[PDB]
Structure formats: C-alpha cells, structure tokens
Amino acid sequence: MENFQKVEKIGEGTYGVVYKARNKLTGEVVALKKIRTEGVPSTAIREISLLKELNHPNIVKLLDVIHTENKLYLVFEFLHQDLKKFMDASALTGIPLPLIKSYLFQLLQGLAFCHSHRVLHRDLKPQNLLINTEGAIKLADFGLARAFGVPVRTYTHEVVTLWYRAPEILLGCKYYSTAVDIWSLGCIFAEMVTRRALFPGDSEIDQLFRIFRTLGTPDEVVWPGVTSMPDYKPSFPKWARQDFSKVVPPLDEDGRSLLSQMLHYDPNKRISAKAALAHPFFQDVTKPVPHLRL
Ligand SMILES: CNc1nc(C)c(-c2ccnc(Nc3ccc(O)cc3)n2)s1
C-alpha cells in the first residue's frame, strides 16, 4: 500500500517477507508482511479477519489487513527484537533465569488465551517471538497457519525449520491440536536455557531421529496410538531416553519438570497452557527487564 514505506527487511519465511515500515500518514512504525496469487482464497480472508479480533497483552496485534491486487499485506504492532537475535546476543553470557521464567509465563498466558478461543499458532519459533524493552514478549503470526497449507520453501524458496515441529506432525497427523504449540514452546524454552537448539534436524528423518535420540524412540507405552500414525515406521531405530539433567543443564528441577511435561510425546497428556500457568515453577515469577541491543 502506498501508505507504507519499508525501512529494512526484518524477516523472511513461508508466506513472504517481513519489513519494518513507517506509516506515511499516522507516522507509526509497524511490521509489514507481503504474501504471495490467482484470486486469494476468501476462506483465508475470513480466518485472517477472525484473527484480527483476538486481543491479548502477549500476542502481536494485527492492526490491519490490506488485500490489494491479489496480494496480501498484514500490518502488525511493531516490537524491537525477535527472540533469535536476542539469543545470539546472549550467546556468551546467557539469559538470566528470572527473565527466562517471565518470558515463559507471558508466552503461556497468550497461549492459554488463544487456545480458549480454539486458536493455535502452528509454527512457533524464536523468529516470531518478539520482545520489548519493558520486559514483555509476544506471539506473532499466531494462527496464520489456518490461512493456507504448508508448502516446500519460502517466498524466494529457502529453508523453513522442522526444529520446532512436534512429533505428531512429523508423523503424519493432520488433525493436531493446541498441544503442538506447547511442544514448540518447550523446544524454545530449552534453547534459551542451553543456548543451543534442542533438535536441529537437517531433514524430516533427521529431525525425527534427533528427537528419538534424546527423548528415546516412542512406542505405545508412552504414546498410545503412535504406531497407527501415517508416517510411523516399525523399522525406526530404537534409542533410549536420556535424562533431562543432561539435556537442559543447569536449569532447576522445577523448570526441568515443567519442560518435561511440555515435551511429552502424547499430545493429550501434554500439559496445556492454562495448567502450565499454575506450575510451581511460576511461584516466584516476576517481570524483570531485558538488556536489549537495538
Ligand atoms: C520473521 N517474521 C516476523 N514476523 C513478524 C510478524 C515479525 C515482527 C512483528 C513486529 N515487530 C517485529 N520486530 C522485529 C523483528 C525482527 C528483528 O530482527 C527485530 C525486530 N517483528 S518478525
């Protein structure tokens, strides 16, 4: 829209590119996402508009939707840093536990809210978790999944990431629930603590086997019905589960306990956001502020 002026490529992804942009009229800085086009499904519109109605302190607000010439522009409230950059800037020092605790608490608050409205994110990753200098963190592109279907690459064709993909999805489950977001969040939580991606797979089979080497190869004992999954293969290598003490050192036992429940193979036993909020780990939760390098 000739009402916005891009300032810098802020992100890249599936749908399209993300830009920091200054509204030429109101003067506000927003985040713009240009998506790519035969007629633009009205279904994607209905659902994109329904997403515009959810307001919570931990979800990046979708100010507006500009459908022009079969091209979609999404205007979002702007935040100053994604969690990925913030992690790289903390690579040597690490993020303090009080801040990690808070971020997790807020992130679960937004999740609890979205989920109670039957809305799920579907593709959480450090790249769409945005923080402000006031100590808050928000979910971005929340629900932008029920707008299309998972392709093969990005706008210019690149590399998405199966690193944060829950196992039910890697295994062919098409009707997954809100639980996939908790799984994603758990991976991110672990990454914040250790400063290294939990499961950096380089293919769908590497992703899966990586989860298997750490949490052990799943079977009907921990995940009933897993063998009926579309992509399950009786011939998967059988790895044993490694203790979390080795996966997320030196996070405390309350966190490890919480992370554990967020990373349970069985989607149904996977703790929900609302319950996660009552976990003992958040007993001494506060709202510390980050030290951002903008
Ligand atoms: C990569 N995909 C992204 N998507 C949205 C909606 C993003 C968004 C929304 C609002 N504010 C910001 N800020 C920001 C993003 C990346 C940065 O590296 C720095 C700041 N980003 S980023």
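Residues numbered from 1 in each chain as written, not as in the entry; some residues may be left out. Heavy atoms only, no water.

- This entry, as listed in the PDB, derives from X-ray crystallography and reports a resolution of 2.50 Å.

- For the chain, the PDB entry supplies the name Cell division protein kinase 2 and the organism Homo sapiens.
- In the PDB, the title recorded for this entry is "HUMAN CYCLIN DEPENDENT KINASE 2 COMPLEXED WITH THE INHIBITOR 4-[4-(4-Methyl-2-methylamino-thiazol-5-yl)-pyrimidin-2-ylamino]-phenol".

**Looking at the pairing of strand 3 (residues 29-35)**
1) Next: In terms of burial, strand 3 is a largely internal element, 5 of the 7 residues being buried.
2) Next: When strand 2 (residues 16-23) meets strand 3, the two strands line up antiparallel, connected through 7 bridges. Bridging from a neighbouring strand, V17 pairs with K34 of strand 3.
3) Next: Once strand 2 ends, the chain turns through 5 residues before running back antiparallel as strand 3, passing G27 with a positive phi of about 85°. (Buried < 20%, exposed > 50% of the residue type's maximum accessible area, 1.4 Å probe, protein only. Helix = DSSP H or I, 4+ residues; strand = E, 2+ residues; numbered from the N terminus. Pairing = 2+ DSSP bridges.)

**Observations concerning the pattern of salt bridges**
1) Next: Evaluated as defined, the whole model comprises 13 salt bridges.
2) Next: For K138, the salt bridge identified is with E77, shortest N-O distance 3.0 Å. Placement of the pair is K138 in strand 8 (residues 137-139) and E77 in strand 5 (residues 71-77), with a sequence separation of 61 residues.
3) Next: Taking relative accessible area as the criterion, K138 reaches 12% and is therefore assigned buried.
4) Next: With a shortest N-O distance of 2.7 Å, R270 and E168 are connected by a salt bridge. Here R270, found in the loop between helix 8 (253-262) and helix 9 (273-276), pairs with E168, found in helix 4 (residues 167-170); they are 102 residues apart in sequence, far enough to count as distant.
5) Next: Linked through salt bridges whose partners overlap, the residues forming this network are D206, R210 and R213. (Salt bridge = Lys/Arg side-chain N within 4 Å of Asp/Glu carboxyl O.)

**As for empty space enclosed by the protein**
The gaps left among the atoms become clear once a water-sized probe is rolled over them.
1) Next: Roughly 90 Å³ of volume is contained in the largest cavity.
2) Next: Along its surface, the largest cavity is lined by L51, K52, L54, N55, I59, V60, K61, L62, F76, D141, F142 and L144.
3) Next: In terms of residue class, the lining of the largest cavity is made up of 8 nonpolar, 1 polar and 3 charged.
4) Next: When we break the lining of the largest cavity down by domain, the ones giving at least three residues each are domain 1 (1-80) and domain 2 (81-293).
5) Next: The computed volume of the second largest cavity comes to approximately 60 Å³.
6) Next: The wall of the second largest cavity is formed by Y15, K33, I35, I48, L72, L74, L144, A147 and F148.
7) Next: When contributions to the lining of the second largest cavity are tallied by element, the ones reaching two or more residues are strand 3 and strand 5.
8) Next: Its residues assigned to classes, the lining of the second largest cavity shows 8 nonpolar, no polar and 1 charged.
9) Next: Lining the lining of the second largest cavity are residues from two domains, each supplying at least three of them: domain 1 (1-80) and domain 2 (81-293). (1 Å grid on protein atoms, 1.4 Å probe; cavity = no way out; pocket = protein on both sides within 12 Å on 5 of 7 lines; lining within 4 Å. Points joined across faces, edges and corners; volume = space filled by probe spheres on them. Nonpolar A, V, L, I, M, F, W, Y, C, P; charged D, E, K, R; others polar. Domains from an automatic or database assignment.)

**Focus on the site of the ligand**
1) Next: The environment of the ligand is formed by 16 residues, the closest being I10, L79, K85, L130 and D141.
2) Next: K85 is positioned with one of its side-chain polar atoms (N or O) 2.8 Å from an oxygen atom of the ligand.
3) Next: One nitrogen or oxygen atom from the side chain of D141 is found 3.3 Å from a nitrogen atom belonging to the ligand.
4) Next: A majority-of-atoms criterion places the ligand in the largest pocket.
5) Next: Going through the elements one at a time, strand 1 (4-12), strand 5 and strand 6 (81-82) are the ones with two or more residues in the shell around the ligand. (Near = heavy atom within 4 Å. Polar contact = N/O pair within 3.5 Å; in protein donor to acceptor, adjacent residues only side chain to side chain. Sits in = over half its atoms within 2 Å of the grid points.)

**Re the packing of aromatic side chains**
1) Next: For the structure shown, the criterion picks out 13 aromatic pairs.
2) Next: Judged by centre distance (6.1 Å) and plane angle (40°), the rings of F209 and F212 are tilted. Of this pair, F209 and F212 both sit in helix 6 (residues 204-215), 3 residues apart, which is roughly one turn of that helix. Side by side, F209 and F212 carry an identical accessibility label, which is buried.
3) Next: Taken together, the aromatic side chains of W183, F199, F209, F212, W223, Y232, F236, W239 and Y265 make up a single cluster linked through ring pairs.
4) Next: Here the guanidinium or amino end of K101 rests over the ring plane of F281, the centre of that ring lying 4.1 Å away. (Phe/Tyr/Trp six-rings, centres within 6.5 Å; stacked < 30°, edge-to-face > 60°. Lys NZ or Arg CZ within 6 Å of the ring centre and 35° of its normal.)

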